[PDB]
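Undergrad: Structure in structure tokens, see below.
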Amino acid sequence: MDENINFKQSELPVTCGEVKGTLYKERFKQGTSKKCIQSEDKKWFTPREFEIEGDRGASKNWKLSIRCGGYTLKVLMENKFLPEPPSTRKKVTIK
């Protein structure tokens, strides 16, 4: 059902510790398996390499270290914004 962050724009706004960025759908299909976030340094980073620049690197969990439009990847992967293997099921809490 989505909310306010439409990924149909080919570009999804991300924010890792105030470190905003541009997410590319062409690679988003893999998430942490393909760098689709372009930083002001004119370079693409992976949800992990980005967590290092936004947080520090010891954050470990990148699904929480980075946000997207409002909700982190952890939630974005829990609602529907991101594909990934069977998230959970139906009638699940949190959108």
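Chain labels run A, B, ... following the order of the structure tokens; each chain numbers its residues from 1, and ligands are numbered from 1 in the order shown.
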With only C-alpha atoms counted and 10 Å as the cut-off, give the residues of stretch 3-52 of chain A in contact with stretch 77-95 of chain A, each with its shortest interatomic distance in Å and the pair that gives it, as a tab-separated table.

TA:
residue	atom	partner	partner_atom	distance
A:3	CA	A:95	CA	8.1
A:5	CA	A:81	CA	8.4
A:6	CA	A:81	CA	8.3
A:7	CA	A:81	CA	7.3
A:28	CA	A:82	CA	8.0
A:29	CA	A:83	CA	7.2
A:30	CA	A:84	CA	7.9
A:31	CA	A:82	CA	8.2

Undergrad: Tell me which protein, DNA and RNA residues are within 8 Å of residue A:62, counting only C-alpha atoms, leaving out same-chain ones fewer than 3 positions away, and put them as a PyMOL selection string.

TA: chain A and resi 47-48+51+59+65-66+73

Undergrad: Mind dumping the selected residues with N, CA, C and O atoms as a PDB file, in the first residue's frame?

TA:
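Below is the file that was written, again_31.pdb:
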ATOM      1  N   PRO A  47      24.377   0.062   1.402  1.00  0.00           N
ATOM      2  CA  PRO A  47      23.743   0.268   2.710  1.00  0.00           C
ATOM      3  C   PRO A  47      24.711   0.063   3.875  1.00  0.00           C
ATOM      4  O   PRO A  47      24.486   0.563   4.977  1.00  0.00           O
ATOM      5  N   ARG A  48      25.794  -0.667   3.620  1.00  0.00           N
ATOM      6  CA  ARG A  48      26.800  -0.930   4.642  1.00  0.00           C
ATOM      7  C   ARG A  48      27.887   0.150   4.626  1.00  0.00           C
ATOM      8  O   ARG A  48      28.194   0.751   5.658  1.00  0.00           O
ATOM      9  N   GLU A  51      26.512   3.211   5.946  1.00  0.00           N
ATOM     10  CA  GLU A  51      26.333   3.185   7.390  1.00  0.00           C
ATOM     11  C   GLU A  51      27.617   3.643   8.071  1.00  0.00           C
ATOM     12  O   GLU A  51      27.590   4.250   9.139  1.00  0.00           O
ATOM     13  N   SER A  59      28.129   0.402  13.906  1.00  0.00           N
ATOM     14  CA  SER A  59      26.678   0.299  14.010  1.00  0.00           C
ATOM     15  C   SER A  59      26.211  -1.129  13.749  1.00  0.00           C
ATOM     16  O   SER A  59      25.199  -1.567  14.297  1.00  0.00           O
ATOM     17  N   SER A  65      20.613   1.919  10.735  1.00  0.00           N
ATOM     18  CA  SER A  65      21.542   3.038  10.632  1.00  0.00           C
ATOM     19  C   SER A  65      21.145   4.005   9.519  1.00  0.00           C
ATOM     20  O   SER A  65      21.456   5.194   9.582  1.00  0.00           O
ATOM     21  N   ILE A  66      20.464   3.491   8.499  1.00  0.00           N
ATOM     22  CA  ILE A  66      20.041   4.322   7.376  1.00  0.00           C
ATOM     23  C   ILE A  66      18.521   4.420   7.289  1.00  0.00           C
ATOM     24  O   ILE A  66      17.806   3.468   7.598  1.00  0.00           O
ATOM     25  N   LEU A  73      15.545   1.117   6.470  1.00  0.00           N
ATOM     26  CA  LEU A  73      15.454  -0.037   5.579  1.00  0.00           C
ATOM     27  C   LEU A  73      14.856  -1.228   6.315  1.00  0.00           C
ATOM     28  O   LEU A  73      14.200  -2.076   5.711  1.00  0.00           O
TER      29      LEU A  73
END

Undergrad: What is the distance between atom CA of residue A:26 and atom CA of residue A:58, in Å to one decimal?

TA: 28.2 Å

Undergrad: In chain A, what's alpha helix (DSSP H) per DSSP? Answer as a list in words?

TA: residues 25, 26, 27, 28, 47, 48, 49, 50, 51, 52, 53, 54, 62, 63, 64, 65, 73, 74, 75, 76, 77, 78 and 79 of chain A

Undergrad: For the residues in that selection, give me N, CA and C atoms as a PDB file, in the first residue's frame.

TA:
ATOM      1  N   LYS A  25      16.821   2.650  -8.103  1.00  0.00           N
ATOM      2  CA  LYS A  25      15.999   1.443  -8.154  1.00  0.00           C
ATOM      3  C   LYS A  25      16.667   0.352  -8.987  1.00  0.00           C
ATOM      4  N   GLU A  26      17.405   0.761 -10.015  1.00  0.00           N
ATOM      5  CA  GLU A  26      18.090  -0.183 -10.894  1.00  0.00           C
ATOM      6  C   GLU A  26      18.990  -1.130 -10.102  1.00  0.00           C
ATOM      7  N   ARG A  27      19.351  -0.721  -8.891  1.00  0.00           N
ATOM      8  CA  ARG A  27      20.207  -1.528  -8.029  1.00  0.00           C
ATOM      9  C   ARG A  27      19.496  -1.869  -6.722  1.00  0.00           C
ATOM     10  N   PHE A  28      18.497  -1.062  -6.372  1.00  0.00           N
ATOM     11  CA  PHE A  28      17.727  -1.262  -5.145  1.00  0.00           C
ATOM     12  C   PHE A  28      17.174  -2.684  -5.060  1.00  0.00           C
ATOM     13  N   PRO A  47      24.377   0.062   1.402  1.00  0.00           N
ATOM     14  CA  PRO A  47      23.743   0.268   2.710  1.00  0.00           C
ATOM     15  C   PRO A  47      24.711   0.063   3.875  1.00  0.00           C
ATOM     16  N   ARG A  48      25.794  -0.667   3.620  1.00  0.00           N
ATOM     17  CA  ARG A  48      26.800  -0.930   4.642  1.00  0.00           C
ATOM     18  C   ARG A  48      27.887   0.150   4.626  1.00  0.00           C
ATOM     19  N   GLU A  49      28.458   0.394   3.449  1.00  0.00           N
ATOM     20  CA  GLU A  49      29.504   1.402   3.296  1.00  0.00           C
ATOM     21  C   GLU A  49      28.965   2.786   3.634  1.00  0.00           C
ATOM     22  N   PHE A  50      27.654   2.938   3.499  1.00  0.00           N
ATOM     23  CA  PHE A  50      26.981   4.193   3.794  1.00  0.00           C
ATOM     24  C   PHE A  50      26.796   4.335   5.296  1.00  0.00           C
ATOM     25  N   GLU A  51      26.512   3.211   5.946  1.00  0.00           N
ATOM     26  CA  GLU A  51      26.333   3.185   7.390  1.00  0.00           C
ATOM     27  C   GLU A  51      27.617   3.643   8.071  1.00  0.00           C
ATOM     28  N   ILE A  52      28.742   3.347   7.430  1.00  0.00           N
ATOM     29  CA  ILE A  52      30.050   3.722   7.951  1.00  0.00           C
ATOM     30  C   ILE A  52      30.255   5.238   7.881  1.00  0.00           C
ATOM     31  N   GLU A  53      29.818   5.845   6.782  1.00  0.00           N
ATOM     32  CA  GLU A  53      29.965   7.288   6.589  1.00  0.00           C
ATOM     33  C   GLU A  53      28.922   8.077   7.380  1.00  0.00           C
ATOM     34  N   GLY A  54      27.744   7.487   7.563  1.00  0.00           N
ATOM     35  CA  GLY A  54      26.683   8.155   8.300  1.00  0.00           C
ATOM     36  C   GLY A  54      26.821   7.977   9.797  1.00  0.00           C
ATOM     37  N   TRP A  62      22.747  -2.120   9.465  1.00  0.00           N
ATOM     38  CA  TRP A  62      22.587  -1.039   8.499  1.00  0.00           C
ATOM     39  C   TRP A  62      21.111  -0.749   8.241  1.00  0.00           C
ATOM     40  N   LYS A  63      20.265  -1.732   8.524  1.00  0.00           N
ATOM     41  CA  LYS A  63      18.828  -1.591   8.318  1.00  0.00           C
ATOM     42  C   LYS A  63      18.239  -0.521   9.233  1.00  0.00           C
ATOM     43  N   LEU A  64      18.967  -0.183  10.291  1.00  0.00           N
ATOM     44  CA  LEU A  64      18.507   0.827  11.240  1.00  0.00           C
ATOM     45  C   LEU A  64      19.368   2.085  11.168  1.00  0.00           C
ATOM     46  N   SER A  65      20.613   1.919  10.735  1.00  0.00           N
ATOM     47  CA  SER A  65      21.542   3.038  10.632  1.00  0.00           C
ATOM     48  C   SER A  65      21.145   4.005   9.519  1.00  0.00           C
ATOM     49  N   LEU A  73      15.545   1.117   6.470  1.00  0.00           N
ATOM     50  CA  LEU A  73      15.454  -0.037   5.579  1.00  0.00           C
ATOM     51  C   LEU A  73      14.856  -1.228   6.315  1.00  0.00           C
ATOM     52  N   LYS A  74      15.080  -1.278   7.625  1.00  0.00           N
ATOM     53  CA  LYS A  74      14.551  -2.359   8.446  1.00  0.00           C
ATOM     54  C   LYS A  74      13.034  -2.392   8.333  1.00  0.00           C
ATOM     55  N   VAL A  75      12.431  -1.210   8.355  1.00  0.00           N
ATOM     56  CA  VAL A  75      10.989  -1.088   8.236  1.00  0.00           C
ATOM     57  C   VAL A  75      10.572  -1.169   6.775  1.00  0.00           C
ATOM     58  N   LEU A  76      11.373  -0.559   5.903  1.00  0.00           N
ATOM     59  CA  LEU A  76      11.098  -0.567   4.471  1.00  0.00           C
ATOM     60  C   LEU A  76      11.102  -1.994   3.938  1.00  0.00           C
ATOM     61  N   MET A  77      11.844  -2.863   4.613  1.00  0.00           N
ATOM     62  CA  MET A  77      11.919  -4.265   4.223  1.00  0.00           C
ATOM     63  C   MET A  77      10.850  -5.068   4.953  1.00  0.00           C
ATOM     64  N   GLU A  78      10.225  -4.432   5.938  1.00  0.00           N
ATOM     65  CA  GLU A  78       9.188  -5.072   6.735  1.00  0.00           C
ATOM     66  C   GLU A  78       7.788  -4.746   6.213  1.00  0.00           C
ATOM     67  N   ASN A  79       7.640  -3.605   5.538  1.00  0.00           N
ATOM     68  CA  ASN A  79       6.338  -3.208   5.011  1.00  0.00           C
ATOM     69  C   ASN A  79       6.114  -3.761   3.606  1.00  0.00           C
TER      70      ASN A  79
END

Undergrad: From the set A:34, A:42, A:56, A:8, which residue has the shortest atom-to-atom contact distance to residue A:21, counting only C-alpha atoms?

TA: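 Among A:34, A:42, A:56, A:8, it is A:42 that comes nearest to residue A:21.
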
Undergrad: Would you please give, as a list in words, all residues of chain A that DSSP assigns to strand (DSSP E or B) based on the backbone?

TA: residues 11, 12, 13, 14, 15, 16, 19, 20, 21, 22, 23, 24, 37, 38, 39, 43, 44, 45, 67, 68, 71 and 72 of chain A
